[PDB]
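Breakdown of the fold
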Amino acid sequence: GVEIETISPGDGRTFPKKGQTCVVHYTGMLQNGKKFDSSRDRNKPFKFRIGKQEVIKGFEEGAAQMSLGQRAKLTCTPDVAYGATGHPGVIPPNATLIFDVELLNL
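Here's a quick rundown of the structure.

**Re the packing of aromatic side chains**
Plain terms: the ring middles of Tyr26 and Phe46 are 5.3 Å apart, the flat faces sit at 65° to each other, and that makes the pair edge-to-face. Note that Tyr26 is positioned in the loop between β2 (21-24) and β3 (27-30) and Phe46 in strand β5 (residues 46-49), a separation of 20 residues in sequence. Ring geometry for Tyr26 against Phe59: centres 6.0 Å apart, planes inclined by 80°, an arrangement best described as edge-to-face. Separated by 33 residues along the polypeptide, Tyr26 in the loop between β2 and β3 and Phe59 in helix α1 (residues 57-65) bring together distant segments of the chain. Three or more aromatic residues link up through ring pairs in this structure, and these residues are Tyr26, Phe36, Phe46, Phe48, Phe59 and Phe99.

The rules we used
- Residues numbered from 1 in each chain as written, not as in the entry; some residues may be left out.
- Part of a larger assembly, values for the part shown.
- Heavy atoms only, no water.
- Residues with missing side-chain atoms left out of burial classes, pairs and counts.
- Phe/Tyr/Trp six-rings, centres within 6.5 Å; stacked < 30°, edge-to-face > 60°.
- Helix = DSSP H or I, 4+ residues; strand = E, 2+ residues; numbered from the N terminus.

The structure is reproduced here in structure tokens:
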């Protein structure tokens, strides 16, 4: 259950495919309002490949459904997230995650 709202036009027709790299500048916040991660604070694009279960399923599905030059906010349910086995000292168990996702290339 991922809800995507198009906050950017994203006229690019390119779509991610299997076995491809994908760069996203992601910013995540907990639904109360505090953030835990921001790749842009590191000034480095987050390179991840579609598949291989490198990232949670919600983030990968959201990145797959949205395209180049597009921005969107992903509503990640705890079922598709860490859930009960939350991140140690970072994310409390049974919490939702909101991501500021955007491709730059591929």
